[PDB]
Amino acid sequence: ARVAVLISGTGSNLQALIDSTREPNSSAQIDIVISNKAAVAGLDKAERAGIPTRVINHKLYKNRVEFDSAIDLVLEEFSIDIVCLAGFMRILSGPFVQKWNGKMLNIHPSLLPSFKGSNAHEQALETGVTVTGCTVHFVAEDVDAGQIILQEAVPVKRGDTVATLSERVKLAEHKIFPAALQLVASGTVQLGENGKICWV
């Protein structure tokens, strides 16, 4: 299966996906990395790995639909089967999500359905949980509400900050996102006709 990874930043999840998809038994290959932001470290990681990159600046487009159309054009150019959102921080439009339904994965640094949104660690710390984690899910129109594929719990330690908690949770992210991608790319897991997750 042919994979696009979309990013907005550092790209540690991208790097874990690059490493995993290059193992001999990988059912996924990463054929393009798309960033909505120029000059981010994730683009360096892609170039270093010999993977093509494109920057599609959302601030140059009139609305969300035009931006998504620009993304979609590149996805078609590279005959992409699966899209991974790996620190990509834009909400995708309904029609784009529907087109890629069952074919687009997102990583989120909480145990969904807790702490939906952009600042999950801040929320976790404010709430005072002692267990948080991360989630890979299929992308649905409703943000952070799509079908869950894998999750991993991560403890919150006394005195944690966003810096230390996000660091600990990223260790888990780098495990479950490659695992989830392999499950979907191998056809082991799919979004069922009833919309629920199906293990074949």
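One rule holds for the numbers: they count along the sequence shown, beginning at 1. For clarity, a rigid core is taken as the largest C-alpha set superposing within 1.5 Å between two forms.
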| query | finding |
| --- | --- |
| Core-aligned Cα RMS comparison in 9 other deposited structures of this protein - stretch that moves more, 51-59 or 166-174 | 51-59 |
| Divergent stretch in 9 other deposited structures of this protein, 10-18 or 184-192 [C-alpha RMS, superposed by the core] | 10-18 |
| 158-166 set against 55-63, stretch whose average Cα temperature factor tops the other in the entry | 55-63 |
| 120-128 set against 88-96, stretch whose average Cα temperature factor tops the other in the entry | 88-96 |
| Options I80, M104, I71, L111 - largest CA temperature factor per the record | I71 |
| Residue selected from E173, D144, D31, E47 by maximal Cα B factor | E47 |
| Lowest, middle or highest third - CA B-factor, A41 | highest |
| Chain-wide C-alpha B factor ranking for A179, given as lowest, middle or highest third | lowest |
| Third of chain Cα B-factors occupied by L191 | highest |
